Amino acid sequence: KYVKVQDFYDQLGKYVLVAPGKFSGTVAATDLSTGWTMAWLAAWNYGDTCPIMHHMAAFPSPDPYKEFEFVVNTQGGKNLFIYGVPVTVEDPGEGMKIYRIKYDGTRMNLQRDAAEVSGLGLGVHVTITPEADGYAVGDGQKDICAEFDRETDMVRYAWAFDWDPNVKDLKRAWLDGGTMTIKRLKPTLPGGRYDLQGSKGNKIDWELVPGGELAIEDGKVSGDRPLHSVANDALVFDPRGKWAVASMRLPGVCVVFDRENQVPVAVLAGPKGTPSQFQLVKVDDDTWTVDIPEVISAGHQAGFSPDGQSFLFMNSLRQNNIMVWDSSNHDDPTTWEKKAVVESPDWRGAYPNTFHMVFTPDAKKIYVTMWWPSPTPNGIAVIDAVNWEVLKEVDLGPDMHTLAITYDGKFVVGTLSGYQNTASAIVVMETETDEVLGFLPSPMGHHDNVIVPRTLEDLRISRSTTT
């Protein structure tokens, strides 16, 4: 006569979901096999005065129920003012903290702020190296990305990016092309530390929102240096090692970096109608430039399929499509060539935008998100990654954010975030016939989620290769 919710969880397996809460100021881990929150942490408990808990990634652990470690960052300043919430803290904390957190089988333990350890605070995507010996963070207000060592929380290398527009007018500054500089960033404080915590470094006062390339062009984003902005988003990793790729929203390119030798090696060009690559020019041992004649479209999501054979960059807003490179030559990224573009009427108009993806373990399908401003239903589109075509899309609810997948490939687990003020949930869809199985309560504004990986191999379809 009665339904037990346990039957629903029994089918999911012994997987641990973890998600930060953005405006909620919290991070939580959930047992998908029982429905319990295993543990949660509220950053205000630690004196954090603007705990916008933003992106995160978890290191593999052979048994997450015993222990696991993750990294979660924060945003601050005027990022507090860009949602519908009529917040009242007019001068909030500067955020850009990089927290190290460990779950010990019972509770979450805040271990330290790595931005205080290294001196470098970064506020957008967090990713784990495929060796699980470190992590990377990017930031689109300072335009810096860095890989950090896991043991020491010290920077291994950090790169700063700068835009020199052909036309020094905000409306034309990207559309009419410009030169992007890539500059090795060196510490200036004793013990090899950076002087770049909080707001130090910020070119603009908040991270650009969806369709923010328009806001910046119209002079609606305050800051010292918006003409010089490229809006770095992420540093993602080739799961075969060696390469890391930094994605630049505004000039619509990704930069391939040699992790070991600490040099850029290639610049991939995002928009449909451009060549596979632009020309990287060395200026000196610390400085490279790339000329971009015009920016046909901004881009956002960047990442690798889990065999590392395909590299993807999503064009957004001006174009909406998935640009796909053959990246099978692991020895030379300057040979990576455009091999497909995924297009669909599903990419209706300016919206939806696709900012998140996850692959199946065998690389044959991709789940990608479809985001719209309130009130249009947001949801998930399924991509056949062999023919590079959209299979299907499903409507879910408001404000779709990140996707993770269970490591046996059976269930995609996503978050919907209420634009920080309305309905929010965890969503579960089964990959066998791509049907939504339903929603679980989630009183948080997640801009990220992961399933804690068990092995290095698990990282290939976790927060390492994609965002």
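Between two forms, the rigid core is defined as the largest C-alpha subset superposing within 1.5 Å. Residues carry their position along the shown sequence, with the first being 1.
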property	result
RMS CA shift, core-fitted in 4 other deposited structures of this protein, bigger for 172-180 or for 209-217	209-217
Comparing 339-347 and 390-398 where Cα RMS over structures and residues is taken in 4 other deposited structures of this protein (core fit), larger one	339-347
Residue stretch of maximal mean CA temperature factor, 15-23 vs 449-457	449-457
Mean Cα B-factor comparison, 168-176 or 371-379, giving the higher one as deposited	168-176
From 102, 272, 78, 125, residue of greatest CA B-factor	272
Highest recorded Cα temperature factor - choice among 396, 136, 144, 117	117
Residue 73 CA temperature factor, ranked by third within the chain	lowest
Ranked C-alpha temperature factor of residue 241 among modelled chain residues, by third	middle
Chain third (lowest, middle, highest) by recorded CA B-factor, residue given as residue 121	lowest
Within-chain third of residue 315 by Cα B-factor, per the entry	middle
Assigned third (lowest, middle, highest) for the C-alpha B factor of residue 98	lowest
